[PDB]
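Q: Next comes start39.cif, mmCIF, C-alpha atoms and all ligand atoms:
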data_upload
#
loop_
_atom_site.label_atom_id
_atom_site.label_comp_id
_atom_site.auth_asym_id
_atom_site.auth_seq_id
_atom_site.Cartn_x
_atom_site.Cartn_y
_atom_site.Cartn_z
CA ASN S 486 -69.38 -158.81 -143.82
CA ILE S 487 -69.67 -155.04 -144.16
CA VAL S 488 -70.58 -154.49 -140.49
CA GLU S 489 -67.46 -156.46 -139.57
CA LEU S 490 -65.44 -154.34 -142.01
CA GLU S 491 -66.73 -151.09 -140.50
CA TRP S 492 -66.00 -152.19 -136.94
CA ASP S 493 -62.57 -153.30 -138.14
CA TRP S 494 -62.02 -149.73 -139.35
CA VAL S 495 -63.15 -148.20 -136.05
CA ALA S 496 -60.79 -150.47 -134.10
CA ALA S 497 -57.98 -149.74 -136.57
CA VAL S 498 -58.32 -145.97 -136.13
CA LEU S 499 -58.74 -146.40 -132.36
CA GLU S 500 -55.45 -148.30 -132.31
CA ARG S 501 -53.69 -145.46 -134.11
CA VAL S 502 -55.08 -142.85 -131.71
CA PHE S 503 -53.80 -144.93 -128.79
CA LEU S 504 -50.39 -145.33 -130.45
CA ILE S 505 -50.01 -141.57 -130.90
CA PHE S 506 -51.42 -140.73 -127.46
CA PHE S 507 -49.24 -143.19 -125.54
CA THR S 508 -46.11 -142.26 -127.51
CA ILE S 509 -46.60 -138.58 -126.65
CA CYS S 510 -47.36 -139.44 -123.02
CA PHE S 511 -44.22 -141.59 -122.79
CA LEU S 512 -42.04 -138.90 -124.38
CA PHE S 513 -43.31 -136.20 -122.02
CA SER S 514 -42.96 -138.49 -119.00
CA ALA S 515 -39.43 -139.73 -119.69
CA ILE S 516 -37.88 -136.51 -121.01
CA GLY S 517 -39.84 -134.21 -118.70
CA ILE S 518 -38.86 -136.02 -115.51
CA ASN S 519 -35.20 -136.43 -116.45
CA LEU S 520 -34.78 -132.84 -117.65
CA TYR S 521 -36.33 -131.58 -114.41
CA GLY S 522 -33.83 -133.59 -112.37
CA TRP S 523 -31.01 -132.40 -114.60
CA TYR S 524 -32.23 -128.82 -114.19
CA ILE S 525 -32.14 -129.17 -110.40
CA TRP S 526 -28.76 -130.89 -110.68
CA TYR S 527 -27.37 -128.15 -112.93
CA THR S 528 -28.70 -125.13 -111.03
CA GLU S 529 -27.55 -126.20 -107.57
CA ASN S 530 -24.19 -127.26 -109.05
CA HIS S 531 -23.22 -124.05 -110.86
CA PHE S 532 -25.02 -121.58 -108.56
CA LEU S 533 -24.21 -122.79 -105.03
CA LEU N 249 -31.43 -147.87 -115.01
CA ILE N 250 -33.32 -145.08 -116.78
CA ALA N 251 -32.10 -145.71 -120.33
CA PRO N 252 -33.02 -149.44 -120.67
CA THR N 253 -36.32 -148.82 -118.86
CA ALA N 254 -37.33 -146.10 -121.32
CA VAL N 255 -36.31 -148.24 -124.31
CA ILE N 256 -38.28 -151.26 -123.08
CA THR N 257 -41.34 -149.08 -122.47
CA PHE N 258 -41.12 -147.60 -125.97
CA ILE N 259 -40.77 -151.04 -127.58
CA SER N 260 -43.78 -152.37 -125.65
CA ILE N 261 -45.94 -149.37 -126.62
CA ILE N 262 -45.40 -150.08 -130.32
CA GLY N 263 -46.16 -153.75 -129.71
CA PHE N 264 -49.49 -152.95 -128.07
CA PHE N 265 -50.83 -150.72 -130.85
CA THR N 266 -49.42 -152.19 -134.08
CA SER N 267 -51.04 -155.02 -136.04
CA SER N 268 -50.05 -156.90 -139.18
CA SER N 269 -53.35 -156.09 -140.95
CA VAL N 270 -56.60 -154.20 -140.46
CA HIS N 271 -59.18 -156.89 -141.29
CA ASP N 272 -57.98 -159.89 -139.25
CA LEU N 273 -58.70 -160.62 -135.60
CA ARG N 274 -56.09 -159.16 -133.27
CA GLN N 275 -54.19 -161.33 -130.82
CA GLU N 276 -54.18 -160.62 -127.10
CA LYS N 277 -51.29 -158.41 -125.99
CA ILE N 278 -51.42 -159.21 -122.28
CA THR N 279 -48.44 -161.56 -122.05
CA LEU N 280 -46.58 -158.76 -123.84
CA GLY N 281 -47.66 -156.46 -121.02
CA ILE N 282 -46.86 -159.01 -118.31
CA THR N 283 -43.32 -159.64 -119.72
CA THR N 284 -42.63 -155.95 -119.86
CA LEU N 285 -43.70 -155.62 -116.35
CA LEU N 286 -41.40 -158.51 -115.28
CA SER N 287 -38.53 -156.79 -116.84
CA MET N 288 -39.28 -153.54 -115.21
CA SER N 289 -39.57 -155.26 -111.94
CA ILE N 290 -36.16 -156.67 -112.45
CA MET N 291 -35.08 -153.14 -112.97
CA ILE N 292 -36.61 -151.52 -110.05
CA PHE N 293 -35.11 -154.43 -108.13
CA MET N 294 -31.76 -153.35 -109.11
CA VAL N 295 -32.56 -149.72 -108.07
CA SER N 296 -33.59 -150.72 -104.53
CA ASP N 297 -30.04 -151.93 -103.87
CA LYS N 298 -28.48 -148.45 -104.18
CA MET N 299 -31.33 -146.66 -102.36
CA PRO N 300 -32.80 -146.88 -98.84
CA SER N 301 -36.37 -147.67 -97.65
CA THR N 302 -37.32 -144.03 -98.17
CA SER N 303 -40.92 -143.82 -96.93
CA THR N 304 -41.02 -140.03 -96.45
CA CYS N 305 -40.79 -138.84 -100.07
CA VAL N 306 -41.12 -140.32 -103.55
CA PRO N 307 -37.73 -140.23 -105.34
CA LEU N 308 -37.59 -138.93 -108.90
CA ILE N 309 -36.59 -142.37 -110.16
CA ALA N 310 -39.55 -143.84 -108.26
CA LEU N 311 -41.88 -141.42 -110.04
CA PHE N 312 -40.20 -142.45 -113.29
CA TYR N 313 -40.82 -146.18 -112.80
CA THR N 314 -44.36 -145.50 -111.57
CA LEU N 315 -45.21 -143.63 -114.78
CA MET N 316 -43.70 -146.32 -117.02
CA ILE N 317 -45.59 -149.08 -115.19
CA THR N 318 -48.81 -147.04 -115.39
CA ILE N 319 -48.29 -146.49 -119.13
CA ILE N 320 -47.72 -150.21 -119.74
CA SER N 321 -50.72 -151.17 -117.59
CA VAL N 322 -53.10 -148.75 -119.31
CA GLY N 323 -51.56 -149.67 -122.66
CA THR N 324 -52.43 -153.29 -121.92
CA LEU N 325 -56.01 -152.25 -121.10
CA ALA N 326 -56.19 -150.03 -124.19
CA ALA N 327 -55.04 -152.94 -126.37
CA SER N 328 -57.81 -155.12 -124.92
CA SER N 329 -60.24 -152.29 -125.67
CA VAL N 330 -59.40 -152.50 -129.38
CA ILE N 331 -60.28 -156.21 -129.40
CA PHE N 332 -63.60 -155.40 -127.74
CA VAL N 333 -64.50 -152.93 -130.50
CA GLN N 334 -63.66 -155.52 -133.16
CA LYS N 335 -65.95 -158.06 -131.46
CA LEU N 336 -68.83 -155.59 -131.84
CA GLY N 337 -68.80 -156.40 -135.56
CA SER N 338 -69.73 -160.04 -134.95
CA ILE N 339 -72.91 -158.96 -133.12
CA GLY N 340 -74.46 -157.79 -136.38
CA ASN N 341 -75.53 -154.20 -135.67
CA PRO N 342 -73.57 -151.61 -137.69
CA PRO N 343 -71.72 -148.67 -136.14
CA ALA N 344 -73.78 -145.52 -135.70
CA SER N 345 -73.74 -142.57 -138.10
CA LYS N 346 -71.55 -140.34 -135.93
CA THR N 347 -69.14 -143.19 -135.18
CA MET N 348 -68.29 -143.71 -138.85
CA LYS N 349 -68.37 -139.96 -139.55
CA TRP N 350 -65.63 -139.24 -137.00
CA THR N 351 -63.76 -142.45 -137.83
CA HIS N 352 -63.44 -141.10 -141.39
CA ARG N 353 -62.33 -137.57 -140.46
CA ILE N 354 -59.80 -138.51 -137.77
CA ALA N 355 -58.54 -141.12 -140.27
CA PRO N 356 -56.55 -138.60 -142.39
CA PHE N 357 -55.07 -136.82 -139.35
CA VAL N 358 -53.51 -139.93 -137.84
CA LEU N 359 -51.54 -141.58 -140.64
CA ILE N 360 -53.97 -144.36 -141.55
CA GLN N 361 -55.68 -145.20 -144.83
CA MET N 362 -58.77 -147.22 -145.69
CA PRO N 363 -58.05 -150.70 -147.11
CA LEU N 364 -59.03 -151.63 -150.65
CA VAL N 365 -61.52 -154.29 -149.55
CA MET N 366 -63.44 -151.68 -147.56
CA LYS N 367 -63.56 -149.41 -150.62
CA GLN N 368 -64.81 -152.31 -152.76
CA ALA N 369 -67.52 -153.14 -150.22
CA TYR N 370 -68.54 -149.47 -150.05
CA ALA N 371 -68.78 -149.22 -153.84
CA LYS N 372 -70.61 -152.55 -154.15
CA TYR Z 187 -31.52 -147.88 -59.63
CA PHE Z 188 -34.03 -145.09 -60.17
CA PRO Z 189 -35.28 -143.45 -63.38
CA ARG Z 190 -34.86 -139.79 -64.29
CA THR Z 191 -37.58 -138.75 -66.73
CA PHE Z 192 -37.75 -135.73 -69.03
CA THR Z 193 -40.54 -133.24 -69.71
CA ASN Z 194 -41.67 -135.00 -72.90
CA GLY Z 195 -41.43 -138.51 -71.43
CA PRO Z 196 -39.16 -141.14 -69.89
CA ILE Z 197 -36.64 -141.25 -72.74
CA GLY Z 198 -35.76 -137.77 -73.98
CA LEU Z 199 -36.55 -137.28 -77.67
CA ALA Z 200 -35.74 -133.56 -77.97
CA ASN Z 201 -32.56 -134.43 -79.89
CA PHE Z 202 -33.83 -137.47 -81.82
CA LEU Z 203 -33.08 -137.24 -85.54
CA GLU Z 204 -35.81 -138.65 -87.76
CA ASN Z 205 -35.51 -142.18 -89.12
CA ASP Z 206 -36.48 -142.83 -92.73
CA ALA Z 207 -38.44 -146.03 -92.03
CA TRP Z 208 -39.53 -145.84 -88.37
CA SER Z 209 -41.45 -143.35 -86.24
CA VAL Z 210 -41.37 -143.23 -82.43
CA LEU Z 211 -44.87 -143.02 -80.97
CA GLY Z 212 -43.92 -142.92 -77.29
CA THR Z 213 -41.74 -144.15 -74.46
CA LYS Z 214 -42.24 -145.86 -71.11
CA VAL Z 215 -40.14 -146.62 -68.04
CA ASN Z 216 -40.91 -149.26 -65.41
CA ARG Z 217 -38.88 -149.81 -62.24
CA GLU Z 218 -38.91 -153.46 -61.15
CA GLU Z 219 -37.69 -155.62 -58.27
CA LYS Z 220 -36.92 -159.14 -59.50
CA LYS Z 221 -35.72 -162.10 -57.45
CA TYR Z 222 -33.32 -164.34 -59.38
CA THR Z 223 -32.43 -167.96 -58.66
CA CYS Z 224 -28.74 -167.23 -58.03
CA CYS Z 225 -28.88 -164.39 -55.51
CA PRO Z 226 -31.09 -164.57 -52.40
CA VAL Z 227 -31.74 -160.80 -52.65
CA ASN Z 228 -33.86 -158.76 -55.04
CA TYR Z 229 -32.49 -156.98 -58.11
CA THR Z 230 -33.66 -153.48 -59.05
CA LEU Z 231 -34.24 -153.25 -62.81
CA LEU Z 232 -35.28 -150.42 -65.12
CA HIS Z 233 -37.42 -151.38 -68.12
CA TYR Z 234 -37.36 -148.77 -70.90
CA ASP Z 235 -40.00 -149.43 -73.56
CA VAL Z 236 -39.77 -147.68 -76.94
CA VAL Z 237 -42.79 -147.90 -79.25
CA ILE Z 238 -41.80 -147.49 -82.90
CA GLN Z 239 -44.14 -147.62 -85.90
CA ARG Z 240 -43.17 -148.57 -89.43
CA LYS Z 241 -43.73 -146.14 -92.28
CA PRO Z 242 -45.75 -148.20 -94.81
CA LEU Z 243 -45.32 -146.14 -97.97
CA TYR Z 244 -42.25 -147.82 -99.51
CA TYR Z 245 -43.50 -151.41 -99.19
CA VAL Z 246 -47.00 -150.55 -100.42
CA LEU Z 247 -45.56 -148.77 -103.47
CA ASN Z 248 -42.81 -151.22 -104.40
CA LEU Z 249 -44.46 -154.56 -103.54
CA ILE Z 250 -48.25 -154.37 -103.16
CA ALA Z 251 -49.10 -152.10 -106.09
CA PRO Z 252 -47.22 -153.87 -108.95
CA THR Z 253 -48.44 -157.23 -107.65
CA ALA Z 254 -52.06 -156.06 -107.73
CA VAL Z 255 -51.62 -154.55 -111.20
CA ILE Z 256 -50.10 -157.77 -112.55
CA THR Z 257 -52.89 -159.81 -110.95
CA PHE Z 258 -55.56 -157.60 -112.54
CA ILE Z 259 -53.89 -157.77 -115.96
CA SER Z 260 -53.62 -161.57 -115.74
CA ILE Z 261 -57.26 -161.85 -114.64
CA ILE Z 262 -58.36 -159.85 -117.67
CA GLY Z 263 -56.12 -162.00 -119.87
CA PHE Z 264 -57.60 -165.26 -118.60
CA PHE Z 265 -61.24 -164.45 -119.33
CA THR Z 266 -61.18 -162.36 -122.52
CA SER Z 267 -61.23 -163.77 -126.05
CA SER Z 268 -61.06 -162.24 -129.52
CA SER Z 269 -64.38 -163.85 -130.54
CA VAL Z 270 -67.11 -166.17 -129.32
CA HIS Z 271 -67.18 -168.79 -132.10
CA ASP Z 272 -63.52 -169.82 -132.48
CA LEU Z 273 -61.52 -172.25 -130.37
CA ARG Z 274 -59.82 -170.64 -127.38
CA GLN Z 275 -56.07 -170.89 -126.83
CA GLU Z 276 -54.49 -172.25 -123.68
CA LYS Z 277 -53.98 -169.66 -120.93
CA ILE Z 278 -51.59 -171.73 -118.83
CA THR Z 279 -48.40 -170.12 -120.15
CA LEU Z 280 -50.06 -166.83 -119.08
CA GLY Z 281 -50.71 -168.19 -115.60
CA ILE Z 282 -47.20 -169.60 -115.23
CA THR Z 283 -45.57 -166.26 -116.26
CA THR Z 284 -47.70 -164.37 -113.80
CA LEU Z 285 -46.69 -166.71 -111.15
CA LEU Z 286 -42.98 -166.27 -112.04
CA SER Z 287 -43.34 -162.61 -111.67
CA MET Z 288 -45.06 -162.85 -108.39
CA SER Z 289 -42.40 -165.14 -107.19
CA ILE Z 290 -39.86 -162.57 -108.10
CA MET Z 291 -41.87 -160.24 -105.98
CA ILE Z 292 -42.27 -162.26 -102.94
CA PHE Z 293 -38.54 -162.86 -103.31
CA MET Z 294 -37.92 -159.28 -102.90
CA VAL Z 295 -40.22 -159.18 -99.80
CA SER Z 296 -38.30 -161.95 -98.00
CA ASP Z 297 -35.22 -159.71 -97.91
CA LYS Z 298 -36.81 -157.11 -95.61
CA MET Z 299 -38.62 -159.67 -93.43
CA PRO Z 300 -37.47 -162.54 -91.17
CA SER Z 301 -38.30 -166.31 -91.25
CA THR Z 302 -41.48 -165.63 -89.30
CA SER Z 303 -42.97 -169.09 -88.70
CA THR Z 304 -45.26 -168.08 -85.81
CA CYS Z 305 -47.78 -165.88 -87.65
CA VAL Z 306 -48.77 -165.10 -91.23
CA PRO Z 307 -47.93 -161.46 -92.10
CA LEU Z 308 -50.54 -159.35 -93.86
CA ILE Z 309 -48.41 -159.13 -97.00
CA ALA Z 310 -48.03 -162.92 -96.89
CA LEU Z 311 -51.82 -163.29 -96.89
CA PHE Z 312 -51.99 -160.76 -99.74
CA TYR Z 313 -49.54 -162.73 -101.89
CA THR Z 314 -51.23 -166.03 -100.99
CA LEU Z 315 -54.60 -164.64 -102.09
CA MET Z 316 -53.15 -163.28 -105.34
CA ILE Z 317 -51.48 -166.62 -106.16
CA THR Z 318 -54.67 -168.53 -105.34
CA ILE Z 319 -56.67 -166.18 -107.57
CA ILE Z 320 -54.24 -166.67 -110.45
CA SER Z 321 -54.27 -170.47 -110.08
CA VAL Z 322 -58.06 -170.72 -109.91
CA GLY Z 323 -58.29 -168.36 -112.89
CA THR Z 324 -56.04 -170.69 -114.88
CA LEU Z 325 -58.22 -173.64 -113.87
CA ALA Z 326 -61.36 -171.70 -114.84
CA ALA Z 327 -59.90 -170.91 -118.27
CA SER Z 328 -59.17 -174.62 -118.71
CA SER Z 329 -62.78 -175.28 -117.68
CA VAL Z 330 -64.05 -172.87 -120.34
CA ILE Z 331 -61.94 -174.69 -122.94
CA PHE Z 332 -63.46 -177.98 -121.75
CA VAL Z 333 -67.02 -176.64 -122.01
CA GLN Z 334 -66.23 -175.51 -125.54
CA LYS Z 335 -64.85 -178.98 -126.33
CA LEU Z 336 -68.20 -180.42 -125.24
CA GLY Z 337 -69.59 -179.03 -128.50
CA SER Z 338 -67.59 -181.42 -130.69
CA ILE Z 339 -69.16 -184.53 -129.14
CA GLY Z 340 -72.44 -183.95 -130.98
CA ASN Z 341 -74.98 -183.98 -128.15
CA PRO Z 342 -76.70 -180.60 -127.65
CA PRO Z 343 -76.80 -178.80 -124.30
CA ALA Z 344 -79.79 -179.54 -122.10
CA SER Z 345 -82.95 -177.42 -121.91
CA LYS Z 346 -82.12 -175.82 -118.56
CA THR Z 347 -78.54 -175.12 -119.66
CA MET Z 348 -79.67 -172.93 -122.55
CA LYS Z 349 -82.46 -171.25 -120.55
CA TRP Z 350 -80.04 -170.13 -117.83
CA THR Z 351 -77.36 -169.33 -120.42
CA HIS Z 352 -79.88 -167.02 -122.13
CA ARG Z 353 -81.30 -165.39 -119.00
CA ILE Z 354 -77.95 -164.69 -117.31
CA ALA Z 355 -76.75 -163.42 -120.71
CA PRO Z 356 -78.34 -159.95 -120.30
CA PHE Z 357 -77.17 -159.49 -116.69
CA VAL Z 358 -73.50 -159.94 -117.52
CA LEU Z 359 -72.78 -157.61 -120.44
CA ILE Z 360 -72.74 -160.16 -123.26
CA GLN Z 361 -74.81 -160.40 -126.43
CA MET Z 362 -75.57 -163.26 -128.80
CA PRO Z 363 -73.63 -163.19 -132.09
CA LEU Z 364 -75.38 -162.73 -135.41
CA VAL Z 365 -74.44 -166.19 -136.70
CA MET Z 366 -76.17 -167.80 -133.71
CA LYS Z 367 -79.34 -165.81 -134.39
CA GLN Z 368 -79.22 -166.79 -138.06
CA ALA Z 369 -78.79 -170.46 -137.15
CA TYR Z 370 -81.69 -170.24 -134.68
CA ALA Z 371 -83.99 -168.63 -137.24
CA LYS Z 372 -82.99 -171.07 -139.99
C1 LIG J 601 -38.54 -158.59 -53.57
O1 LIG J 601 -39.31 -158.34 -54.75
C2 LIG J 601 -40.62 -158.92 -54.71
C3 LIG J 601 -41.23 -158.66 -56.07
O2 LIG J 601 -40.77 -159.58 -57.04
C4 LIG J 601 -41.42 -158.32 -53.56
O3 LIG J 601 -42.68 -158.98 -53.47
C5 LIG J 601 -43.77 -158.07 -53.76
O4 LIG J 601 -43.88 -157.00 -52.82
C6 LIG J 601 -44.96 -156.10 -53.11
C7 LIG J 601 -44.86 -154.97 -52.10
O5 LIG J 601 -45.00 -155.45 -50.77
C8 LIG J 601 -46.29 -156.83 -53.05
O6 LIG J 601 -47.34 -155.93 -53.39
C9 LIG J 601 -46.29 -158.01 -54.02
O7 LIG J 601 -47.48 -158.77 -53.85
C10 LIG J 601 -45.07 -158.90 -53.77
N1 LIG J 601 -45.03 -160.05 -54.67
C11 LIG J 601 -44.90 -160.08 -56.01
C12 LIG J 601 -44.77 -158.76 -56.74
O8 LIG J 601 -44.88 -161.14 -56.62
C13 LIG J 601 -40.67 -158.51 -52.25
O9 LIG J 601 -41.34 -157.82 -51.20
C14 LIG J 601 -39.24 -157.97 -52.36
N2 LIG J 601 -38.50 -158.24 -51.14
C15 LIG J 601 -38.36 -157.35 -50.16
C16 LIG J 601 -37.56 -157.80 -48.97
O10 LIG J 601 -38.86 -156.23 -50.22
#
Would you mind writing the file out in structure tokens?
Ligand SMILES: *[C@@H]1O[C@H](CO)[C@@H](O[C@@H]2O[C@H](CO)[C@@H](O)[C@H](O)[C@H]2NC(C)=O)[C@H](O)[C@H]1NC(C)=O

A:
Amino acid sequence: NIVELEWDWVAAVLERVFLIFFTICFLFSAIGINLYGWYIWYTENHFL
Amino acid sequence: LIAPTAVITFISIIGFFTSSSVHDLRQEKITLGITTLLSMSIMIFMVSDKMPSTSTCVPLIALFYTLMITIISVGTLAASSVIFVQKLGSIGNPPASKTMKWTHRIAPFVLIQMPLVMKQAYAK
Amino acid sequence: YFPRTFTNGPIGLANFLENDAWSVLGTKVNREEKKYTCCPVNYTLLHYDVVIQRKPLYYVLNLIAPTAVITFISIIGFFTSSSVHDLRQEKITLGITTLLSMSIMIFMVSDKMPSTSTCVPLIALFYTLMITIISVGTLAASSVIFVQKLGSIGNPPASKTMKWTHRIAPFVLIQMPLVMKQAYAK
């Protein structure tokens, strides 16, 4: 029941790495895409 | 369109990669992924109404929904990958030396801490 | 009636403005002489044929791809368990939700398609195959639950059953649990 405990730990840390990685990927995707569209919207609004 | 889609994606991401305890078998998170994808379909359905069958370019909102669906789909696969690693314990063989070495040094960086039962087993 | 053709073809396309969903591949003109039942004299007709292709990048993205992704996710859900030695849960709610979603999707494909009852469109065959796969996967999960239930009736599996179960066990990437090895040795 110590091999099961160790593989529980590896899966637990692997879950946390996925949580951080996907949160950062989601933040960059959602904010990055919207701010690029807003940048295009803003530039061609106030400079054309 | 964008705001509820981003919120639903964020809620699903936490659902995929959060458990109630470290040392109990995780439940499958695939119906969670399939329900999130049903909702996002409902949303892209309501974005096709006020948009034509644009087959020349990919609209910015189309790239937005594509990325959210990709994140949910890979998140569903990543969640199933965690269950696979936990099943390795039931096969008897311990994790390798390097596996537990890195699992202990990336453990303080990401905010996770070793449970008491694991410490007791280590000391015993 | 006689046709006047242009340099690029029968129907001039030098001023055509591009369509978002259709592309013109060519044009044709055919002068005919048809005898109709009413008049005892021929009629001169001009037949202008326009060949237009569909641009299949919107439908593939919005309909085919999410359907395939949902089908793959459901397939993985049907045939993956958290362990080998505990009773499996029913996977029929999972099959029914996948089928609700795919219905929602075929619903949004009936909008941009007529009631074609002469042939089966390619996307119709695609959705039919996906639905059949999901249904047979649900039935196969129920079959796995049944085979597990066979264990509670006492009688062991036959000799050939365990021999094949052990020799197809290394081909598919599965390995025998430690408790089974301990029971065998004991
Ligand atoms: C009225 O039109 C018909 C065609 O529908 C003509 O019949 C054809 O004539 C051509 C040229 O002689 C033949 O090669 C075809 O074999 C004929 N039959 C067909 C196409 O079915 C007919 O000649 C026309 N009438 C007159 C008075 O010219």

Q: Output as AutoDock Vina command-line options the centre and edge lengths (Å, one decimal) of the box along x, y and z of the file that holds every listed atom of ligand LIG 601 (chain J) after adding 5 Å on each side.

A:
--center_x -42.5 --center_y -158.1 --center_z -53.0 --size_x 19.9 --size_y 16.2 --size_z 18.1

Q: For residue Z:253, please output as number ranges by chain all residues within 7 Å (counting all atoms listed in the file; exclusion window: fewer than 4 positions along the same chain).

A: Z: 249, 257, 288

Q: Kindly assemble as a tab-separated table a list of the chain Z residues that lie within 10 Å of ligand LIG 601 (chain J), each paired with its nearest atom pair and their distance in Å to one decimal, using all atoms listed in the file, sorted first by chain and then by ascending residue number.

A:
residue	atom	partner	partner_atom	distance
Z:218	CA	J:LIG601	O2	7.6
Z:219	CA	J:LIG601	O1	4.7
Z:220	CA	J:LIG601	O2	4.6
Z:221	CA	J:LIG601	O2	5.7
Z:222	CA	J:LIG601	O2	9.1
Z:226	CA	J:LIG601	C1	9.6
Z:227	CA	J:LIG601	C1	7.2
Z:228	CA	J:LIG601	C1	4.9
Z:229	CA	J:LIG601	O1	7.7
Z:230	CA	J:LIG601	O1	8.6

Q: Using all atoms listed in the file, determine which residues lie at most 12 Å from residue Z:204, disregarding the query and same-chain residues fewer than 6 positions distant; provide the list as a count of residues only.

A: 6

Q: To one decimal place in Å, what is the distance between atom CA of residue N:281 and atom CA of residue N:300?

A: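 Computed distance, atom CA of residue N:281 to atom CA of residue N:300, equals 28.4 Å.
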
Q: Please identify every residue of chain Z that has at least one atom no more than 12 Å from any atom of chain S, counting only C-alpha atoms, and report them as a compact mmCIF listing (two decimals) with C-alpha atoms, in the frame of the given file.

A:
# COMPACT_ATOMS: atom_id res chain seq x y z
CA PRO Z 363 -73.63 -163.19 -132.09
CA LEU Z 364 -75.38 -162.73 -135.41
CA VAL Z 365 -74.44 -166.19 -136.70

Q: Residues of chain S no more than 8 Å from chain N, counting all atoms listed in the file: send them over as a list in words.

A: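 That gives the following set of residues: residues 487, 488, 489, 490, 491, 492, 493, 494, 495, 496, 497, 498, 499, 500, 501, 502, 503, 504, 505, 507, 508, 511, 514, 515, 518 and 522 of chain S.
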
Q: Would you work out the distance separating atom CA of residue Z:236 from atom CA of residue Z:213, expressed in Å to one decimal?

A: 4.7 Å

Q: Fewer than 3 positions away in the same chain doesn't count, so skip those; otherwise give me all residues within 12 Å of residue Z:331, counting only C-alpha atoms, as a ChimeraX atom specification.

A: /Z:264-265,267,270,272-278,324-328,334-338

Q: Go ahead and dump the residues you just picked, C-alpha atoms, as a short mmCIF file (atom, residue, chain, number, x, y, z; two decimals), in the frame of the given file.

A:
data_model
loop_
_atom_site.label_atom_id
_atom_site.label_comp_id
_atom_site.auth_asym_id
_atom_site.auth_seq_id
_atom_site.Cartn_x
_atom_site.Cartn_y
_atom_site.Cartn_z
CA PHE Z 264 -57.60 -165.26 -118.60
CA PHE Z 265 -61.24 -164.45 -119.33
CA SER Z 267 -61.23 -163.77 -126.05
CA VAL Z 270 -67.11 -166.17 -129.32
CA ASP Z 272 -63.52 -169.82 -132.48
CA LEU Z 273 -61.52 -172.25 -130.37
CA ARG Z 274 -59.82 -170.64 -127.38
CA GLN Z 275 -56.07 -170.89 -126.83
CA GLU Z 276 -54.49 -172.25 -123.68
CA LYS Z 277 -53.98 -169.66 -120.93
CA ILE Z 278 -51.59 -171.73 -118.83
CA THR Z 324 -56.04 -170.69 -114.88
CA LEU Z 325 -58.22 -173.64 -113.87
CA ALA Z 326 -61.36 -171.70 -114.84
CA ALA Z 327 -59.90 -170.91 -118.27
CA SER Z 328 -59.17 -174.62 -118.71
CA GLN Z 334 -66.23 -175.51 -125.54
CA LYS Z 335 -64.85 -178.98 -126.33
CA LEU Z 336 -68.20 -180.42 -125.24
CA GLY Z 337 -69.59 -179.03 -128.50
CA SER Z 338 -67.59 -181.42 -130.69
#

Q: Give me the residues of chain Z that have any atom at most 9 Å from an atom of chain N; for each, the nearest atom pair and the distance in Å, rounded to one decimal. Use only C-alpha atoms, sort by chain and number, and format it as a Markdown table.

A:
| residue | atom | partner | partner_atom | distance |
| --- | --- | --- | --- | --- |
| Z:206 | CA | N:302 | CA | 5.6 |
| Z:207 | CA | N:303 | CA | 5.9 |
| Z:208 | CA | N:303 | CA | 8.9 |
| Z:241 | CA | N:303 | CA | 5.9 |
| Z:242 | CA | N:303 | CA | 6.9 |
| Z:243 | CA | N:303 | CA | 5.1 |
| Z:244 | CA | N:303 | CA | 4.9 |
| Z:245 | CA | N:301 | CA | 8.2 |
| Z:247 | CA | N:314 | CA | 8.8 |
| Z:248 | CA | N:292 | CA | 8.4 |
| Z:252 | CA | N:317 | CA | 8.0 |
| Z:255 | CA | N:321 | CA | 7.3 |
| Z:256 | CA | N:282 | CA | 6.7 |
| Z:259 | CA | N:278 | CA | 6.9 |
| Z:260 | CA | N:278 | CA | 7.3 |
| Z:262 | CA | N:278 | CA | 8.4 |
| Z:263 | CA | N:278 | CA | 6.0 |
| Z:266 | CA | N:328 | CA | 8.3 |
| Z:267 | CA | N:276 | CA | 7.8 |
| Z:268 | CA | N:331 | CA | 6.1 |
| Z:269 | CA | N:335 | CA | 6.1 |
| Z:270 | CA | N:335 | CA | 8.5 |
| Z:279 | CA | N:279 | CA | 8.8 |
| Z:280 | CA | N:279 | CA | 6.3 |
| Z:283 | CA | N:282 | CA | 7.6 |
| Z:284 | CA | N:282 | CA | 7.1 |
| Z:286 | CA | N:286 | CA | 8.6 |
| Z:287 | CA | N:286 | CA | 5.8 |
| Z:288 | CA | N:286 | CA | 8.9 |
| Z:290 | CA | N:290 | CA | 8.2 |
| Z:291 | CA | N:289 | CA | 8.1 |
| Z:294 | CA | N:293 | CA | 7.7 |
| Z:361 | CA | N:339 | CA | 7.1 |
| Z:362 | CA | N:339 | CA | 6.7 |
| Z:363 | CA | N:339 | CA | 4.4 |
| Z:364 | CA | N:339 | CA | 5.1 |
| Z:365 | CA | N:338 | CA | 7.9 |

Q: In Å, with one decimal, what is the gap from atom CA of residue Z:367 to atom CA of residue Z:352?

A: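 A separation of 12.3 Å between them.
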